[PDB]
Structure formats: structure tokens, C-alpha cells
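> experimental structure and sequence below, a few questions after.
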Amino acid sequence: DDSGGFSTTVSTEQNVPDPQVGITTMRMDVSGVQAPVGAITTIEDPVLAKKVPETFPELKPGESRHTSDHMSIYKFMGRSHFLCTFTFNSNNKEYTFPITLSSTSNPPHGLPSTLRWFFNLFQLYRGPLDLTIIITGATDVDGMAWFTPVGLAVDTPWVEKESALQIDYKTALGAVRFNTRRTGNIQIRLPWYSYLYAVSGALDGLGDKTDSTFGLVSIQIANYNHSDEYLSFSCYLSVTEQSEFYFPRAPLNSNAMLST
Amino acid sequence: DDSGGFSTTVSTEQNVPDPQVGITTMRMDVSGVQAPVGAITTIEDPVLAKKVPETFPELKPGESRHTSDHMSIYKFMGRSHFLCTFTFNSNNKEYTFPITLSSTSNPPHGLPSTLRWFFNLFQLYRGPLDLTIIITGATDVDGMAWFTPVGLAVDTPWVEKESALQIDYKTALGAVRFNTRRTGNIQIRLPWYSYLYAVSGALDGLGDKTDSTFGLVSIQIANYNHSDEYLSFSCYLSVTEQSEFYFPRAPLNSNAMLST
Amino acid sequence: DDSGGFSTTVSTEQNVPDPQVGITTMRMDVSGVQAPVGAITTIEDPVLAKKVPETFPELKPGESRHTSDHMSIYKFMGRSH
Amino acid sequence: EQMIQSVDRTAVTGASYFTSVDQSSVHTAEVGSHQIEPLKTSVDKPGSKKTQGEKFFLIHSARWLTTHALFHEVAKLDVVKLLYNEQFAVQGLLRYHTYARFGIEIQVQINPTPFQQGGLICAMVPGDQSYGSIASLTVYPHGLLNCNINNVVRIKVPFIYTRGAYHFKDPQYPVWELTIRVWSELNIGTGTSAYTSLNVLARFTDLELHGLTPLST
Amino acid sequence: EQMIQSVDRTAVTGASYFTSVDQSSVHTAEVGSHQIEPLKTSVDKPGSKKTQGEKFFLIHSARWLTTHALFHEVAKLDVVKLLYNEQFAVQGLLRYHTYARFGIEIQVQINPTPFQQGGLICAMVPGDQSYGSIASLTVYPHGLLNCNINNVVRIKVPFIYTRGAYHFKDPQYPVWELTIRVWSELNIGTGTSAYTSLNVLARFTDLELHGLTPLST
């Protein structure tokens, strides 16, 4: 061993991801009249942990009927989820919200519902995301929505106000201008731009100000001038497969899951 | 030498464009325990300038993760940029603005923000461009936008007024008529029509009246008659790859970059 | 170099013990009418120090008569004190 | 025409990360060379990074009692922040380096007298437990100290962290928090020692360094 | 008759210089393994003994004047005793080791303005000059700083000493004394700077260590 590890006893592994496939299938009978030896075993040295569990007579458990397979992470997370929503009282103002995995951050400002529950399952995350937004109410309203990477000059989160940024300084960042009239819904793939190797939501105090933020998104509206007619927004996320994952964690307690 | 150059000493080259590729990759270790000879050298005779810099031990600097490669000029400039914007108080009037690389010209009338910073990097430019425009506000408004080559009869820049041109004299130049209703956004490729070999923005005085102007663009609106409802415009540019570039320059000083 | 020494210039040695044998012998003429180049040299970089000294015409300096050789440390220190 | 020897005005030296460029220059003066004197002074493997940093260190210890209730945390420890410290000679390596990355390996030991009973749980959690529920700690790499059978466990983790490598002077947040809980409370007889010791060990693996610098001082 | 698996009562671990013998024992829990993440954080040669100890260090400096007479010692220096010190990160290596042996290499530098004149002599003498006459210092390894030509010298010595290897806490006597003398006095013009700087460098070679120990603290 170049790494210097000395030992008499065997060295082994534990908790290998995706040991088996979710769908039930054949990728005979299972076990009987031979020996149910694995029943009694000690739970510590992973060797004996990595033995196959066996208890009673069994039959090969038939076959799933349907091919659509729900326990692969992607095919699951394909379905989007709620993210955040808000309104406007005014014309020609901008609202910004961060996208932050902080589990400490508690909604209405923070990840609500499923997503909150979601990203605390594993330490590391990286890759692209899919932002969608949806509009309501008065039409022939215009908007521009620019995406701001972490740390660059940005106006406050969770605030409805007019910006001080150069329109240039905005638009060059990449932008989409659109009319509430014609479509009203949007699907765009967030890029992955970070100076981080990855991002993570299980954090506390100092770092949570940083590594927890995937990035910022701001939206500004124009020509809403007539106060009536009640605009509102909604935003949904889902993850393509070009993103990946790392290193599971323990899931949240009951008291950590909120919803609105 | 047919050109007559006599000399004893070697003749060489300097500043060959695109010496290396932006992305980090392998197109071993780099240098060590052999000689760091290039460290000390004289900076004048380009020979010794064209030696490879070497200082310390190194390792081949790994690999970029992503293929999307941002330091090729095109892939950069693909993203458009702000250009100019304005409004209308009236019905059935026309506004014209020039497209001019003049660095002397200072916005609000002139190239603002990024583009201003941009075209002062290199002497010569040629080829097509991509003009886009975007509309706001009241609908079922009609417009026609014709493109006028340099020098031909054209009404004043930076002015909102009704034209004296024959509608014929307009439309035959090529035109696009459109309704604010149905779409409202436009993407069209400016042609390259000039009696110039190319165009350039680094100029002063007399010539800047001429070689700095890529061409003119005018827009006229109709049926806006009802004064309310506040129309406004915006215009964005980006360059296809059929355009090219020549001969770098020095970039602008801090005090030359404005924005709005 | 496993020891990490980097350098452009030659690395060399200095002051190698017992370069020559005390007794005078042949272990021709020495030098002349060819070049007395080693006369002028710089004394620092041991390379130029390790050049053979040469100045004038010479003759091979004959032979010692006796074999008993006194400049070997042992044969000297044999005599007690 | 034999030319006389030319003095060398310009020559370049170098070592490690260092460089000089010298106009006074000349050749280098050696005497002798590397040697091996076959009667060996001390026959241990000569010291090196392998020798030093890779070794074990006692880190933290606390006694474990009965009065602890379920999941009463006996041990909330940090791997890194404790190693870096004046008390070790491994301190030397880091204190001169800005950036380091590494794997970790842990030993944990107790000595329940077999008349006692109970069990402990060792979880290596990056970041913090945060609001992750207690119940599931077994998800993480772990072993189960059990008065009955095992008196010892060994856990091994490679590097996991959100940035390129850890940084000592200004740690963002502790890499590996080492948590220990009361898995099944200690119940005792009468007259038996109602307490028992607990100890912890660590060593780096594949330790790599970067960025020498005095600024640590 | 398939026997059930036997718990392993006795197993032995070890690392570096360390050893354990454990009766609670069981197998070790890995996750993952050593990795190379191909986008490299910092591309310098990773740190190691080669990296650190082998490097140069500024040691001692003094200005050199006219008023110095013949053989007025400008510099009486010690190699070892100065290196071992708080001010370096190489300090780390030794301070945790009792015994060390090594080769030495020295740089010496000045910058006489060519209008000045004089010469200096650098001798590496183990032990001390003692009563050894001044005149002969050239016997030792040495170079000659000469305002005319060389502004630099490089000396290299391997290990020479009367015992097995040097010992820092209780040095018998300094291994390499570094002496410097005024070989030909500095004579100056009028208005020229009447002084000139002098600097010294060092690095170990084939550095070997033995005997880790806290007792340094």
C-alpha cells in the first residue's frame, strides 16, 4: 500500500449507490430447502452487513407490468415543483429573488415544500437547472428577466423596487424580453456558472451566505401603469440529466418541512 | 529580395493572432529538472520575445470541464447588446438613427455601453450584421422600417418627424411592414452594402463623418393616432460569422465608456 | 536530478585529494612551440582552476634516484614522535 | 588559433520553487557527493511526508455516563479544526501551507466491562446534522459500538467538500463534523463503574499540499 | 454443514510508526477511494519534503564598508543554529525531529559597483578556524568574490561531522561555521557609495530525518 495503510483484517466497502433497479423484473425459485443461513448475522463489520438478507421461502416476485420506471432520480425530478410566487402593486419596478439551497432559510423566503425536502438528501450538487415561470392577469404587459451569477453586483433579494443598474449592465448578462399577451409562459435552462466546484444546501452560519446560492434571478415589468388588473407570478423547477449528484445524507425531520 | 530589403540580421514576425485556444485542454508534465532558461530574456528583438515563458515547475493544467467555449470572438458576440431606444409622442411620424462606429460620438447619440467599448478594439471591420428591434405598449399599431445605405438621400438623424421621401423612394429600398399586434419583435440581417472596402470607428474629424457610418435605419409608425398608451422601442445587435475582423488596436480608457 | 538541483551552468568538483604522486618519475618533452595558453586564466570557477598550469618551455623533469618515497602520509608518520 | 576560455557572464540557478538570475556567475564548487555509510545510525524508515503527516493522532476524549439520555450528544467534534494546533509536530506541515486536501480515517475506542451494556453510534457527517433528523444517521458511513461484541470501529472517508480544497487560516466551514450519540443508554449493575471512557483517532491519507507561505506567521 | 460466519475477535492495525492491537475488532469501512479530479486546483508540484526543506532561505546579511581592515571579519555565521528558528516554515520539519543529517549548499551575493574595488573570500569551515592561520583559508572549499568579475559564488559541501548525525536540542558544536573575511580592502572613489551589501543563502540536500517526538514542545 503506497498510502501506508497497514492491517491484518480485510478492508471493504459500504453503501454502494444504486445496488438494485427500482422496477421489479428479471434482469427458478428464489431460496428454499437449501439453507436460510443469512438470517442470523452481526450488523457491524460491513462484510456481514453486505450478505444478502434471507429469511423464509420465496418465489421470484413476478414482473412489473409497466415499463415507466419511477424510482430513477431523473425520471422523478423531471416533474417540476413549486418554487416561489409574488405580485406587483406598481408599474416599472423590479423584483428579485435568490435561488438558494439553504435549509436554514425558511419560506415564504426560501425553498418551500418538496424542494426544501429535496435538496437536503445529499451533500453535493452541480449542473444545469430548468427554470420556468408563469404569468397571470392583465395582458400586453412587458417584462425582461435577466439572470445574475453569484456575487456580482445585484440589488436586494425579496424586494419589489426599481433598480439602479445600467440597462446595459443588465441586458449584456443575457436576457429574455417577452409579452404577457402572446405567450405568458416560459421555459429556459439555467446555465451552470459558478466559481464553486459544486453547491450544497447543508450548511450553517458563514458559508450558508455563499455556497448555498445557486445564483440570482430578477424580473422587471413595464407598462403595467394602470393599477388595476392584478398581476401575479409563479415559478417551477426541474433538473435535466446533465446535472448530477453526490454523497447521500440523512433526510429532514418532520418539523423542517414547511409549505404554503 | 525582389522588394530590395537588404540586411544582415534575421527578419521575423510579431503578434501573430490567435496563438492559442481559449479553452484549457490537451490539443507527461510540463517543465522541470531540465532547465528554466527562458526566465531571463530581453524584451525587444521579437525573437527573444517569441520564446515561450517558463519560470517554475508546472503540471499540465488538467482539462476544462465544459465544451462551450467563450473566448472565440463569435461565440461571444453572438449574444446581442443594447443599441438605442426612444419613444413617440405623435402619430404618423418617422424617426431615424444612424449606425455609426464613431468613438467620438457620445451617447445618448452614439454607441453606448458594451458596443462602444467593443468596436474600438480593432481598426477594420466588414460584413453583415444582425439588427433586432423590440416594441412595447399599445397594440394594433403599424410600422414600416426601411434600411438606407450610406450617403443616399436621407432625412436627419436623431429626429422624430414626418419624411419628405416618396413612399416609392422608400419602399423600393426594401422594407418590412409589420403589426405591433401579432408579433412585436423582429430579427433581420442587415446587408453589407458599401462603397468602402470596410468600415472603421477609430477616426477623427473629417473622415468620421464618413467611414464611421455602417448605414442608416429609419422607422415610421402609423395609426398611433390616440395619444395615450405610450409606445417605446429598443434595438439590439449581434454579428454573424460571415463578418470578419482585422488588425487589433488598443482598448479604450476608463473615461471613454459610458452607459445609460 | 533526484536531489532537485536545477542549473544552467556546469557543476564540477574542487580539490581532489592526492592528484599526483610525490616522487618524481614517469608513471618526449613537456610543452613548447605549441601554445602556452593556460598561462592566463581566471581563478574562480574551478573549471579554469582545474586547467593544468603552463608557462615556459620545459623538459620532462628526469627521474628520482631513490625509491624510498617520503610524501606518502603513512611512510612519513611511520616515524614516531 | 585556440581561443582562450570565455568567462560566463550569465547563468541561471534554481531549486524547489525558487529562481535566481545572476550576472556575476561562475561554475559551482562541489566536494564529495551523496554517501551511504553502511553502518546505519537509526534504522527506521527515514522521515518524510509519508512518515509524519500520515500517522495517527489522539484527538479528543470524553467519558460516557449513565445519566445521558437517548440521543444526548456525548461528542460533537471537528476533525480539522482540532488537528491544526500547537500541540503536534504534524502542525508543522500545514502551518506553512495555505491549501491542502486529503482523505480521513478514524478510529474510535471504548472499553465497556461486559457487565455493563449499551451502544454508541459513530457518524461522519460533512457540514452539520443541521435539521437532518437524528434517526437516520446510519445512512452516513458509520459503525456501531456495542458493549457486547465490538469494542472498536474504523471508518474511512475520502475527500468531500464544496470547494477545491480546504483552507486553514480562513476555513469556510468545517469539512467533517464527527458526531457521536447515545444509541442505547448505559444501564449498570450495582457497584460497577457507572462511567466508561471514549477515545478517538485520526490520520490523513493522500495528503497533498500547495502554496508555501510565511504569512501564517 | 455450512458454518455461520465467525466474528473476528483479534485483529491488528498499524500505520507510519504506530501500532494497535484490538479485541473489539471488525473490518474497516471504506467509501469511495483515492481520486484525481482532472481540472486541477493548483498545478504546482504538490508539496513534500522535496518541496519544502530542499528550498533556499535567506539567512544572514551585513553591509561591508571601507573602514574594515585586512582580515577584519565581516561575517562570522553559523549555518545550522540560524536555520532552526521560528521564522521559517522549514522550521516545522526539524522541530518535530530529534536527529537529522544532510548536505549543504550555499549562495553568496554582493553588488559592487564596478567603480569600487576589492575582494572577499568565502570559506566553509567545519568546527572553527581555531588557531588555524588565516592565510590558508583557500584550502577549504571556497570561492573568491571579486568586484571585477564574479559577483556571485556557489559552494557545495556534503555532510562532515564527528558523530552519526546532528542533534538540535543539544548540539554538541556547530557543524559548519561560515566565515567571511576582507580579502582586499574596499577602496573607493569620491562620492561613490562607500558601502556595499552582502547576502547569503542556504538549502539542505539529501535531508534525512529520524526520531519523531513531541518533546521539542
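Perfect, I can see it now. Numbers count the residues shown, from 1 in each chain, chains lettered A, B, ... in the order given.

> I'd assumed residue A:258 was in contact with residue A:107.
Yes. Using CB atoms under 8 Å, residue A:107 makes contact with residue A:258 at a distance of 5.4 Å. Backbone N, C-alpha and C define where each C-beta goes, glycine included.

> identify the contacts common to the two.
Taking CB atoms under 8 Å, 6 or more residues apart in numbering or on different chains as the criterion, residue A:107 and residue A:258 both touch A:113, A:116.

> close to chain B: what parts of the stretch 51-200 of chain A are there?
A:140, A:142, A:166-169, A:171-172, A:174, A:177, A:179, A:181-182, A:192 (CB under 8 Å from any CB of the partner chain).

> how about 7 Å then?
Listed as neighbours of chain B in the stretch 51-200 of chain A under the rule CB under 7 Å from any CB of the partner chain: A:140, A:142, A:166, A:167, A:168, A:169, A:171, A:172, A:174, A:177, A:179.

> not counting its neighbours along the chain, what's nearest the fifth one?
In this case it means residue A:168. Spatially, and ignoring its direct neighbours in sequence, residue A:168 is nearest to residue B:113 (3.2 Å; CB to CB, 6 or more residues apart in numbering or on different chains).

> what sits against the one you found?
Contact analysis of residue B:113 by CB atoms under 7 Å, 6 or more residues apart in numbering or on different chains lists A:166, A:168, B:81, B:82, B:259.

> pick the one among the residues of the stretch 51-200 of chain A next to chain B closest to residue D:124.
Nearest to residue D:124 out of those is residue A:174 (CB to CB; 41.0 Å).

> next, residue A:196: phi, psi?
For residue A:196, the backbone dihedrals are phi -90, psi 150 (criterion: degrees, to the nearest 10).

> wait, residue D:113
Backbone phi and psi, for residue D:113 under degrees, to the nearest 10, turn out to be phi -70, psi 130.

> tell me how far it lies from residue D:147.
8 Å (CB to CB, to the nearest Å).

> more neighbours, these two?
Looking at residue D:113 and residue D:147 with other CB atoms under 10 Å in any protein chain shown, you find the greater number of neighbours at residue D:147, namely 21 against 12.

> the more buried one and residue D:112 touch, don't they?
Yes. Contact criterion CB atoms under 7 Å: residue D:147 and residue D:112 qualify, at 3.9 Å.

> pull the longest strand from chain A.
What stands out as the longest strand in chain A, according to DSSP state E, is strand A:213-222.

> and the helix or strand following that strand, how far out from the chain's middle?
Remark: after strand A:213-222, the chain's next helix or strand is strand A:232-238, criterion DSSP states H and E. How far strand A:232-238 lies from its chain's middle: 14 Å, per CA atoms, centre = their mean, to the nearest Å.

> how about the residue lying closest to residue A:129 once chain neighbours are set aside, what does it touch?
Leaving out its chain neighbours, the residue that sits closest to residue A:129 by CB to CB, 6+ apart is residue A:190, at 4.2 Å. Residue A:190 is in contact with A:128, A:129, A:130, A:131, A:147, counting by CB under 7 Å, 6+ apart.

> what does residue D:69 give?
By CB under 7 Å, 6+ apart, the neighbours of residue D:69 are residue D:185.

> that one in helix, strand or coil?
Put simply, residue D:69 is coil when judged by DSSP: H, G, I helix; E, B strand; the rest coil.

> ditto for residue A:117
helix.

> ok, now residue A:208?
Recorded secondary structure, residue A:208: helix (three-state DSSP).

> surely residue A:95 and residue A:216 touch.
No. In this structure, residue A:95 is not within contact of residue A:216 by CB under 7 Å, at 11.6 Å.

> alright, I will stop here.
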